[PDB]
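Enquirer: Pasting a structure here, questions to come.
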Amino acid sequence: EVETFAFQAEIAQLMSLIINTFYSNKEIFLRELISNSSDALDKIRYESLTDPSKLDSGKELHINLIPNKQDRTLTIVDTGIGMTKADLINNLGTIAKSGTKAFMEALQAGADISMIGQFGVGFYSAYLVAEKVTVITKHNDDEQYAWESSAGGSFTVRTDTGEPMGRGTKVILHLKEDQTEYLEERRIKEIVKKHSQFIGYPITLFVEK
Ligand SMILES: NC(=O)[C@]12CCC[C@H](CCC1)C2
């Protein structure tokens, strides 16, 4: 049972700008997704300070980077607070309408796409490198869901029958054909070292057979 939703017009416009603007510095997508994971991990950590049972769904707080050259996917996994179904539908837990307005007002005044995270909509930088993004998520207060979009103005949400996650979020980037450098170990290592040196959770780069 799959539900299909239209993006709000402002979010569709954000996504088309990310997809269509000539902009070479695409590697910032990974910094933005790792920063989102760190934010989600901070949230579950904070809740656990007054209620240890919040970690009954998993005590480890970490970020895993999983490249798969056969599937042409880069997956960013975190064990943060996750998202409810309502969060997914409401722009993946962001205030994306007001964030997009500010971001586009910053671009016309000289900002560039790399500053997207200052406007709270860094998730959508995934579309710099991915033709399709799948988000699997599990929040303590809801069931496990899969969100998916290839842009084009719509996204889907369905209950996820896949491998149970416990708690957190998995962002699966189905990479564009010309963006496979982001599956190479040395390239991912370089980006993490350059942009994510002060992320306070272990980032494990998985290797492939
Ligand atoms: N959080 C981590 O695992 C890192 C992130 C930056 C690159 C490496 C150096 C120590 C911190 C690993």
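Please treat every number below as a calculation from the coordinates, not as lab data. Here the Cβ positions follow ideal geometry from the backbone for every residue, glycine too, while neighbour counts run over all protein chains shown.
Enquirer: For residues that are under 12 Å from the mean Cα position of the chain (by Cα) and assigned to a helix (DSSP H, G or I), scanning just the stretch 78-98, find the one that is nearest to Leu14 (Cα to Cα).
Expert: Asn91
Enquirer: For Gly120, indicate whether it is away from the ligand (no atom under 16 Å from the Cβ) and within 20 Å of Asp39 (Cα to Cα). Explain how you work it out, then say what you get.
Expert: Working: away from the ligand (no atom under 16 Å from the Cβ): yes; within 20 Å of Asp39 (Cα to Cα): yes.
Yes: the conditions hold for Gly120.
Enquirer: Which of the residues that make up the stretch 144-170 are surrounded by fewer than 17 Cβ atoms within 10 Å (Cβ to Cβ), closer than 22 Å to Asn64 by Cβ and touching a strand residue (DSSP E or B) at 6+ places or on another chain (Cβ under 7 Å)?
Expert: Correct list: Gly162, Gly166.
Enquirer: Here's another thing I want to ask about it. Looking at (1) buried (at least 20 other Cβ atoms within 10 Å of the Cβ); (2) closer than 24 Å to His195 by Cβ; (3) under 13 Å from the mean Cα position of the chain (by Cα), can you tell me which one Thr75 breaks?
Expert: Status for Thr75: all satisfied but (1).
Enquirer: Which of the residues spanning the stretch 164-209 are among the β-branched types (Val, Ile, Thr) and away from the ligand (no atom under 16 Å from the Cβ)?
Expert: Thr169, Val171, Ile172, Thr180
Enquirer: Among the residues of the stretch 83-97, is there at least one that is touching a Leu at 6+ places or on another chain (Cβ under 9 Å), surrounded by 22 or more Cβ atoms within 10 Å (Cβ to Cβ) and more than 22 Å from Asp56 (Cβ to Cβ)? Spell out how you get there, then give the answer.
Expert: Our first condition is that a residue be touching a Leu at 6+ places or on another chain (Cβ under 9 Å); within the stretch 83-97, this holds for 83, 96.
From what's left, surrounded by 22 or more Cβ atoms within 10 Å (Cβ to Cβ): 83, 96.
From what's left, more than 22 Å from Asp56 (Cβ to Cβ): 96.
The answer is yes, given that some residue of the stretch 83-97 is touching a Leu at 6+ places or on another chain (Cβ under 9 Å), surrounded by 22 or more Cβ atoms within 10 Å (Cβ to Cβ) and more than 22 Å from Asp56 (Cβ to Cβ).
Enquirer: Answer yes or no as to whether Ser48 is within 16 Å of the ligand (Cβ to nearest atom), surrounded by fewer than 20 Cβ atoms within 10 Å (Cβ to Cβ) and part of a helix (DSSP H, G or I).
Expert: Values: within 16 Å of the ligand (Cβ to nearest atom): no; surrounded by fewer than 20 Cβ atoms within 10 Å (Cβ to Cβ): yes; part of a helix (DSSP H, G or I): yes.
Taking the combined requirement at face value, the residue does not satisfy it.
Enquirer: State whether the residues of the stretch 105-112 include one that is within 20 Å of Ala151 (Cα to Cα) and outside any loop (DSSP other than H, G, I, E, B). Reasoning before the result, please.
Expert: Restricting attention to the stretch 105-112, the residues satisfying the condition of being within 20 Å of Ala151 (Cα to Cα) are none.
No, every residue in the stretch 105-112 fails to be within 20 Å of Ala151 (Cα to Cα) and outside any loop (DSSP other than H, G, I, E, B).
Enquirer: Now, a different point. Go over the candidates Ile188, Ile172, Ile199 one by one and state the one that is of a type outside the set (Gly, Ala, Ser) and closer than 23 Å to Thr4 by Cα.
Expert: Of the residues listed, the single one that is of a type outside the set (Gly, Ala, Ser) and closer than 23 Å to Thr4 by Cα is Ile172.
Enquirer: Answer yes if at least one residue in the stretch 171-190 is surrounded by 12 or more Cβ atoms within 10 Å (Cβ to Cβ), touching a residue at least 40 places away in the same chain (Cβ under 8 Å) and farther than 22 Å from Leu128 by Cβ, and no otherwise.
Expert: No, that holds for no residue.
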